[PDB]
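Below is one structure, written out as structure tokens, with a few remarks after it.
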Amino acid sequence: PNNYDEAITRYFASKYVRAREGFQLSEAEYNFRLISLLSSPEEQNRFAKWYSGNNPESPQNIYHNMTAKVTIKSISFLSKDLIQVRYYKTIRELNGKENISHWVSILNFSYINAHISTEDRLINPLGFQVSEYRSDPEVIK
């Protein structure tokens, strides 16, 4: 289809934000692949440049030797193709210290019917594609 039930979109938007804004070394290869499959080509390129170890703000750098786990608070539809995802991150240091921070992502998505490999299709079975994306901290402390 062109579109799916909002719960399906919430499911994939949750997957997307958890994978993109979290960081755990053991899941990192998978998460990068997942975000890449779930992004338009243009957004994937933007994501990859951001994620590169060359970028000072890359999660590979800012969360080096840390874990960051995302908990989704809410997903709101601003329109048929535009959502707001509020979440928090729990960041754990090597010393065990945890910090919680609050964030919101805004993203534009669609579903594209394409033929891709069976393996990739099972990760993204409905062709979910994020075309534009931002994530900002919220004022909540």
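Residues in the structure tokens are named by chain (A, B, ... in the order shown) and by number from 1 within that chain; ligands are numbered from 1 in the order shown.
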### Task
Please provide the set of residues having any atom within 7 Å of residue 92 of chain A, restricted to only C-alpha atoms, with same-chain residues fewer than 2 positions apart removed, written as an MDAnalysis selection string.
chainID A and resid 66:68 90 94 96:99
Let me see the file: selected residues, N, CA and C atoms, as a PDB file, in the first residue's frame.
```pdb
ATOM      1  N   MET A  66      30.088   4.173  26.198  1.00  0.00           N
ATOM      2  CA  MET A  66      28.826   4.343  26.902  1.00  0.00           C
ATOM      3  C   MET A  66      27.743   3.572  26.185  1.00  0.00           C
ATOM      4  N   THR A  67      26.607   3.398  26.862  1.00  0.00           N
ATOM      5  CA  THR A  67      25.397   2.944  26.199  1.00  0.00           C
ATOM      6  C   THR A  67      24.331   4.053  26.305  1.00  0.00           C
ATOM      7  N   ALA A  68      23.540   4.175  25.262  1.00  0.00           N
ATOM      8  CA  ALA A  68      22.414   5.105  25.265  1.00  0.00           C
ATOM      9  C   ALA A  68      21.212   4.303  24.828  1.00  0.00           C
ATOM     10  N   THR A  90      18.428   7.073  28.238  1.00  0.00           N
ATOM     11  CA  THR A  90      19.141   6.715  29.447  1.00  0.00           C
ATOM     12  C   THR A  90      20.569   6.405  29.008  1.00  0.00           C
ATOM     13  N   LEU A  94      30.769   3.957  31.877  1.00  0.00           N
ATOM     14  CA  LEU A  94      31.499   2.776  32.340  1.00  0.00           C
ATOM     15  C   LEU A  94      31.482   2.634  33.859  1.00  0.00           C
ATOM     16  N   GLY A  96      29.000   3.246  35.762  1.00  0.00           N
ATOM     17  CA  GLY A  96      27.668   2.856  36.209  1.00  0.00           C
ATOM     18  C   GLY A  96      26.717   4.031  36.327  1.00  0.00           C
ATOM     19  N   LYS A  97      27.258   5.248  36.251  1.00  0.00           N
ATOM     20  CA  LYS A  97      26.457   6.455  36.379  1.00  0.00           C
ATOM     21  C   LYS A  97      25.492   6.515  35.206  1.00  0.00           C
ATOM     22  N   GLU A  98      24.206   6.681  35.514  1.00  0.00           N
ATOM     23  CA  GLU A  98      23.180   6.887  34.488  1.00  0.00           C
ATOM     24  C   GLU A  98      22.650   8.318  34.547  1.00  0.00           C
ATOM     25  N   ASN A  99      22.423   8.886  33.363  1.00  0.00           N
ATOM     26  CA  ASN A  99      21.786  10.181  33.201  1.00  0.00           C
ATOM     27  C   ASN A  99      20.588  10.002  32.273  1.00  0.00           C
TER      28      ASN A  99
END
```
### Query
Taking only C-alpha atoms into account, which of A:60, A:110, A:52, A:105 comes nearest residue 136 of chain A?
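Counting only C-alpha atoms, the residue closest to residue 136 of chain A is A:105.
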### Who sits within 12 Å of segment 113-126 of chain A, only C-alpha atoms, same chain under 2 positions skipped, as a ChimeraX atom specification
/A:1-5,8-9,11-13,15-16,30-31,33-39,110-111,128-130
Go ahead and dump the residues you just picked, N, CA, C and O atoms, as a short mmCIF file (atom, residue, chain, number, x, y, z; two decimals), in the first residue's frame.
```cif
data_model
loop_
_atom_site.label_atom_id
_atom_site.label_comp_id
_atom_site.auth_asym_id
_atom_site.auth_seq_id
_atom_site.Cartn_x
_atom_site.Cartn_y
_atom_site.Cartn_z
N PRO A 1 0.80 -1.22 0.00
CA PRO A 1 0.00 0.00 0.00
C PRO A 1 0.84 1.28 0.00
O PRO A 1 2.06 1.25 0.20
N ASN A 2 0.16 2.40 -0.24
CA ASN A 2 0.73 3.72 -0.06
C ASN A 2 0.86 4.01 1.43
O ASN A 2 1.84 4.57 1.86
N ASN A 3 -0.15 3.62 2.21
CA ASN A 3 -0.11 3.85 3.64
C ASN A 3 -0.58 2.63 4.42
O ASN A 3 -1.08 1.67 3.86
N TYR A 4 -0.34 2.69 5.73
CA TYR A 4 -0.70 1.64 6.66
C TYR A 4 -1.31 2.27 7.89
O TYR A 4 -1.22 3.48 8.11
N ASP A 5 -1.90 1.41 8.71
CA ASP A 5 -2.47 1.79 9.99
C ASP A 5 -1.48 2.61 10.84
O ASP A 5 -0.27 2.35 10.83
N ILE A 8 1.13 0.68 12.82
CA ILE A 8 2.28 0.17 12.07
C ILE A 8 3.32 1.27 11.94
O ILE A 8 4.53 1.07 12.16
N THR A 9 2.87 2.47 11.60
CA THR A 9 3.78 3.60 11.55
C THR A 9 4.42 3.88 12.90
O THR A 9 5.62 4.11 12.97
N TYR A 11 5.07 1.72 15.16
CA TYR A 11 5.99 0.65 15.36
C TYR A 11 7.32 0.94 14.65
O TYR A 11 8.39 0.80 15.24
N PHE A 12 7.24 1.35 13.39
CA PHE A 12 8.44 1.58 12.62
C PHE A 12 9.12 2.87 13.04
O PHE A 12 10.35 2.93 13.05
N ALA A 13 8.33 3.87 13.40
CA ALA A 13 8.92 5.14 13.86
C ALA A 13 9.66 4.92 15.19
O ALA A 13 10.76 5.45 15.42
N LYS A 15 11.00 1.96 16.15
CA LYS A 15 12.22 1.25 15.77
C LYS A 15 13.29 2.25 15.28
O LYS A 15 14.45 2.16 15.66
N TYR A 16 12.86 3.17 14.42
CA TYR A 16 13.76 4.12 13.78
C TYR A 16 14.44 5.02 14.83
O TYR A 16 15.68 5.14 14.89
N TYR A 30 24.04 -3.63 13.25
CA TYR A 30 22.64 -3.89 12.90
C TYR A 30 21.81 -2.60 12.84
O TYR A 30 21.05 -2.39 11.89
N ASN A 31 21.95 -1.78 13.87
CA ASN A 31 21.24 -0.51 13.92
C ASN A 31 21.57 0.41 12.73
O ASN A 31 20.67 1.02 12.15
N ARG A 33 22.54 -0.55 9.78
CA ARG A 33 21.90 -1.19 8.63
C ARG A 33 20.41 -0.90 8.63
O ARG A 33 19.83 -0.58 7.61
N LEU A 34 19.81 -1.02 9.80
CA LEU A 34 18.37 -0.81 9.96
C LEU A 34 18.01 0.61 9.58
O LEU A 34 17.11 0.83 8.78
N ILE A 35 18.73 1.59 10.12
CA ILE A 35 18.45 3.01 9.80
C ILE A 35 18.66 3.28 8.34
O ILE A 35 17.89 3.97 7.72
N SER A 36 19.69 2.70 7.78
CA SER A 36 19.98 2.87 6.34
C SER A 36 18.83 2.32 5.50
O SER A 36 18.33 3.03 4.62
N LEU A 37 18.31 1.14 5.83
CA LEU A 37 17.18 0.56 5.10
C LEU A 37 15.89 1.32 5.25
O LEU A 37 15.07 1.36 4.32
N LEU A 38 15.69 1.90 6.44
CA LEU A 38 14.49 2.65 6.73
C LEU A 38 14.54 4.12 6.30
O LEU A 38 13.56 4.83 6.53
N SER A 39 15.64 4.55 5.70
CA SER A 39 15.79 5.94 5.26
C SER A 39 15.76 6.03 3.74
O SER A 39 16.21 5.11 3.06
N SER A 110 7.19 7.93 4.37
CA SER A 110 6.20 7.33 3.46
C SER A 110 6.51 5.85 3.40
O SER A 110 7.51 5.41 3.92
N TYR A 111 5.64 5.11 2.71
CA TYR A 111 5.90 3.72 2.38
C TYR A 111 6.03 3.58 0.89
O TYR A 111 5.17 4.02 0.14
N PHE A 128 8.93 1.15 4.58
CA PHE A 128 8.98 2.39 5.38
C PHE A 128 10.22 3.20 5.00
O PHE A 128 11.32 2.66 4.95
N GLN A 129 10.04 4.51 4.75
CA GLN A 129 11.14 5.37 4.33
C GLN A 129 11.02 6.72 5.02
O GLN A 129 10.06 7.45 4.80
N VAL A 130 12.02 7.03 5.83
CA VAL A 130 12.15 8.38 6.44
C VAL A 130 12.94 9.26 5.49
O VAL A 130 14.07 8.94 5.16
#
```
### Message
Between atom CA of residue 77 of chain A and atom CA of residue 104 of chain A, what distance in Å does the model show, to one decimal?
### Response
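These atoms are spaced 13.2 Å apart.
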Could you go through segment 36-132 of chain A and tell me which residues DSSP, when run on the backbone, assigns to strand (DSSP E), listing them as a PDB file with N, CA and C atoms, in the first residue's frame?
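New file states08.pdb:
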```pdb
ATOM      1  N   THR A  67      26.607   3.398  26.862  1.00  0.00           N
ATOM      2  CA  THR A  67      25.397   2.944  26.199  1.00  0.00           C
ATOM      3  C   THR A  67      24.331   4.053  26.305  1.00  0.00           C
ATOM      4  N   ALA A  68      23.540   4.175  25.262  1.00  0.00           N
ATOM      5  CA  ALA A  68      22.414   5.105  25.265  1.00  0.00           C
ATOM      6  C   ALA A  68      21.212   4.303  24.828  1.00  0.00           C
ATOM      7  N   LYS A  69      20.198   4.233  25.687  1.00  0.00           N
ATOM      8  CA  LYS A  69      18.984   3.504  25.381  1.00  0.00           C
ATOM      9  C   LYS A  69      17.816   4.471  25.360  1.00  0.00           C
ATOM     10  N   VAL A  70      17.038   4.369  24.302  1.00  0.00           N
ATOM     11  CA  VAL A  70      15.877   5.216  24.070  1.00  0.00           C
ATOM     12  C   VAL A  70      14.590   4.544  24.562  1.00  0.00           C
ATOM     13  N   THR A  71      13.810   5.320  25.307  1.00  0.00           N
ATOM     14  CA  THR A  71      12.440   4.982  25.657  1.00  0.00           C
ATOM     15  C   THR A  71      11.504   6.003  25.031  1.00  0.00           C
ATOM     16  N   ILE A  72      10.605   5.526  24.181  1.00  0.00           N
ATOM     17  CA  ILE A  72       9.622   6.382  23.532  1.00  0.00           C
ATOM     18  C   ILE A  72       8.506   6.757  24.512  1.00  0.00           C
ATOM     19  N   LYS A  73       8.176   8.045  24.552  1.00  0.00           N
ATOM     20  CA  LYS A  73       7.105   8.564  25.390  1.00  0.00           C
ATOM     21  C   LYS A  73       5.784   8.641  24.628  1.00  0.00           C
ATOM     22  N   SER A  74       5.828   9.191  23.426  1.00  0.00           N
ATOM     23  CA  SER A  74       4.637   9.423  22.608  1.00  0.00           C
ATOM     24  C   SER A  74       4.981   9.611  21.146  1.00  0.00           C
ATOM     25  N   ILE A  75       4.037   9.271  20.276  1.00  0.00           N
ATOM     26  CA  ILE A  75       4.174   9.494  18.835  1.00  0.00           C
ATOM     27  C   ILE A  75       2.883  10.153  18.377  1.00  0.00           C
ATOM     28  N   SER A  76       3.004  11.349  17.832  1.00  0.00           N
ATOM     29  CA  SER A  76       1.862  12.175  17.412  1.00  0.00           C
ATOM     30  C   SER A  76       1.941  12.450  15.935  1.00  0.00           C
ATOM     31  N   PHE A  77       0.813  12.320  15.260  1.00  0.00           N
ATOM     32  CA  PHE A  77       0.723  12.618  13.841  1.00  0.00           C
ATOM     33  C   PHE A  77       0.348  14.080  13.663  1.00  0.00           C
ATOM     34  N   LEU A  78       1.272  14.823  13.070  1.00  0.00           N
ATOM     35  CA  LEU A  78       1.021  16.192  12.672  1.00  0.00           C
ATOM     36  C   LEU A  78       0.299  16.288  11.321  1.00  0.00           C
ATOM     37  N   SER A  79       0.490  15.278  10.497  1.00  0.00           N
ATOM     38  CA  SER A  79      -0.224  15.086   9.271  1.00  0.00           C
ATOM     39  C   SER A  79      -0.083  13.610   8.904  1.00  0.00           C
ATOM     40  N   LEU A  82       3.837  13.122   8.623  1.00  0.00           N
ATOM     41  CA  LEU A  82       4.728  13.943   9.449  1.00  0.00           C
ATOM     42  C   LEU A  82       4.444  13.612  10.898  1.00  0.00           C
ATOM     43  N   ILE A  83       5.437  13.115  11.605  1.00  0.00           N
ATOM     44  CA  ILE A  83       5.235  12.737  12.992  1.00  0.00           C
ATOM     45  C   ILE A  83       6.214  13.366  13.958  1.00  0.00           C
ATOM     46  N   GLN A  84       5.745  13.448  15.213  1.00  0.00           N
ATOM     47  CA  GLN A  84       6.553  13.952  16.317  1.00  0.00           C
ATOM     48  C   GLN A  84       6.705  12.823  17.322  1.00  0.00           C
ATOM     49  N   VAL A  85       7.953  12.486  17.628  1.00  0.00           N
ATOM     50  CA  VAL A  85       8.250  11.378  18.523  1.00  0.00           C
ATOM     51  C   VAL A  85       8.974  11.930  19.733  1.00  0.00           C
ATOM     52  N   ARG A  86       8.309  11.949  20.884  1.00  0.00           N
ATOM     53  CA  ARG A  86       8.951  12.377  22.104  1.00  0.00           C
ATOM     54  C   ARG A  86       9.550  11.160  22.802  1.00  0.00           C
ATOM     55  N   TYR A  87      10.746  11.313  23.355  1.00  0.00           N
ATOM     56  CA  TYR A  87      11.438  10.197  23.979  1.00  0.00           C
ATOM     57  C   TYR A  87      12.405  10.680  25.038  1.00  0.00           C
ATOM     58  N   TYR A  88      12.906   9.738  25.841  1.00  0.00           N
ATOM     59  CA  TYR A  88      14.057  10.035  26.643  1.00  0.00           C
ATOM     60  C   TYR A  88      15.155   9.032  26.398  1.00  0.00           C
ATOM     61  N   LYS A  89      16.366   9.438  26.743  1.00  0.00           N
ATOM     62  CA  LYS A  89      17.543   8.596  26.608  1.00  0.00           C
ATOM     63  C   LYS A  89      18.066   8.325  27.978  1.00  0.00           C
ATOM     64  N   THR A  90      18.428   7.073  28.238  1.00  0.00           N
ATOM     65  CA  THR A  90      19.141   6.715  29.447  1.00  0.00           C
ATOM     66  C   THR A  90      20.569   6.405  29.008  1.00  0.00           C
ATOM     67  N   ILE A  91      21.521   7.200  29.483  1.00  0.00           N
ATOM     68  CA  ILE A  91      22.928   7.091  29.089  1.00  0.00           C
ATOM     69  C   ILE A  91      23.696   6.558  30.292  1.00  0.00           C
ATOM     70  N   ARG A  92      24.328   5.403  30.098  1.00  0.00           N
ATOM     71  CA  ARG A  92      25.094   4.736  31.149  1.00  0.00           C
ATOM     72  C   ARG A  92      26.586   4.817  30.843  1.00  0.00           C
ATOM     73  N   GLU A  98      24.206   6.681  35.514  1.00  0.00           N
ATOM     74  CA  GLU A  98      23.180   6.887  34.488  1.00  0.00           C
ATOM     75  C   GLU A  98      22.650   8.318  34.547  1.00  0.00           C
ATOM     76  N   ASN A  99      22.423   8.886  33.363  1.00  0.00           N
ATOM     77  CA  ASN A  99      21.786  10.181  33.201  1.00  0.00           C
ATOM     78  C   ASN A  99      20.588  10.002  32.273  1.00  0.00           C
ATOM     79  N   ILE A 100      19.499  10.706  32.562  1.00  0.00           N
ATOM     80  CA  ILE A 100      18.321  10.671  31.704  1.00  0.00           C
ATOM     81  C   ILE A 100      18.174  12.043  31.063  1.00  0.00           C
ATOM     82  N   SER A 101      17.951  12.070  29.756  1.00  0.00           N
ATOM     83  CA  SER A 101      17.715  13.318  29.056  1.00  0.00           C
ATOM     84  C   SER A 101      16.488  13.165  28.186  1.00  0.00           C
ATOM     85  N   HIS A 102      15.850  14.292  27.891  1.00  0.00           N
ATOM     86  CA  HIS A 102      14.582  14.323  27.152  1.00  0.00           C
ATOM     87  C   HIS A 102      14.742  14.975  25.778  1.00  0.00           C
ATOM     88  N   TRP A 103      14.056  14.398  24.792  1.00  0.00           N
ATOM     89  CA  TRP A 103      14.261  14.724  23.378  1.00  0.00           C
ATOM     90  C   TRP A 103      12.960  14.620  22.596  1.00  0.00           C
ATOM     91  N   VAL A 104      12.970  15.216  21.410  1.00  0.00           N
ATOM     92  CA  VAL A 104      11.883  15.055  20.458  1.00  0.00           C
ATOM     93  C   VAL A 104      12.448  14.976  19.054  1.00  0.00           C
ATOM     94  N   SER A 105      11.947  14.017  18.297  1.00  0.00           N
ATOM     95  CA  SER A 105      12.260  13.899  16.863  1.00  0.00           C
ATOM     96  C   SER A 105      11.068  14.264  16.023  1.00  0.00           C
ATOM     97  N   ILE A 106      11.326  14.902  14.884  1.00  0.00           N
ATOM     98  CA  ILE A 106      10.284  15.196  13.925  1.00  0.00           C
ATOM     99  C   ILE A 106      10.741  14.543  12.643  1.00  0.00           C
ATOM    100  N   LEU A 107       9.845  13.837  11.992  1.00  0.00           N
ATOM    101  CA  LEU A 107      10.220  13.203  10.743  1.00  0.00           C
ATOM    102  C   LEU A 107       9.111  13.037   9.768  1.00  0.00           C
ATOM    103  N   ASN A 108       9.512  13.058   8.500  1.00  0.00           N
ATOM    104  CA  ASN A 108       8.659  12.859   7.362  1.00  0.00           C
ATOM    105  C   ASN A 108       8.873  11.427   6.851  1.00  0.00           C
ATOM    106  N   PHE A 109       7.796  10.680   6.632  1.00  0.00           N
ATOM    107  CA  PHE A 109       7.917   9.277   6.232  1.00  0.00           C
ATOM    108  C   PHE A 109       6.894   8.977   5.110  1.00  0.00           C
ATOM    109  N   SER A 110       7.195   7.932   4.369  1.00  0.00           N
ATOM    110  CA  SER A 110       6.203   7.326   3.462  1.00  0.00           C
ATOM    111  C   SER A 110       6.511   5.847   3.397  1.00  0.00           C
ATOM    112  N   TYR A 111       5.642   5.111   2.713  1.00  0.00           N
ATOM    113  CA  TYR A 111       5.898   3.716   2.383  1.00  0.00           C
ATOM    114  C   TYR A 111       6.031   3.579   0.889  1.00  0.00           C
ATOM    115  N   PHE A 128       8.931   1.152   4.584  1.00  0.00           N
ATOM    116  CA  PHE A 128       8.975   2.391   5.378  1.00  0.00           C
ATOM    117  C   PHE A 128      10.220   3.205   5.002  1.00  0.00           C
ATOM    118  N   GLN A 129      10.042   4.506   4.749  1.00  0.00           N
ATOM    119  CA  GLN A 129      11.137   5.369   4.331  1.00  0.00           C
ATOM    120  C   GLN A 129      11.024   6.715   5.024  1.00  0.00           C
ATOM    121  N   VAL A 130      12.015   7.034   5.829  1.00  0.00           N
ATOM    122  CA  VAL A 130      12.155   8.380   6.440  1.00  0.00           C
ATOM    123  C   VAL A 130      12.937   9.257   5.487  1.00  0.00           C
ATOM    124  N   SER A 131      12.307  10.337   5.048  1.00  0.00           N
ATOM    125  CA  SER A 131      12.913  11.248   4.057  1.00  0.00           C
ATOM    126  C   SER A 131      13.543  12.487   4.668  1.00  0.00           C
ATOM    127  N   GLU A 132      13.138  12.845   5.875  1.00  0.00           N
ATOM    128  CA  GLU A 132      13.632  14.081   6.497  1.00  0.00           C
ATOM    129  C   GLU A 132      13.469  13.852   7.981  1.00  0.00           C
TER     130      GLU A 132
END
```
### Query
as number ranges by chain, which residues of chain A does DSSP assign to alpha helix (DSSP H)?
A: 6-21, 28-37, 41-51, 59-62, 118-123
### Query
What is the distance, in Å and to one decimal place, between atom CA of residue 41 of chain A and atom CA of residue 62 of chain A?
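Value for the atom CA of residue 41 of chain A-atom CA of residue 62 of chain A distance: 25.1 Å.
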### Task
Tell me which of A:24, A:45, A:95, A:40 sits closest to residue 63 of chain A, counting only C-alpha atoms.
A:24
### Query
Counting only C-alpha atoms, which of A:10, A:49, A:64, A:18 gets nearest to residue 93 of chain A?
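Distance minimum relative to residue 93 of chain A lands on A:64.
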### Query
Between atom CA of residue 56 of chain A and atom CA of residue 141 of chain A, what is the spacing in Å?
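Going from atom CA of residue 141 of chain A over to atom CA of residue 56 of chain A covers 24.4 Å.
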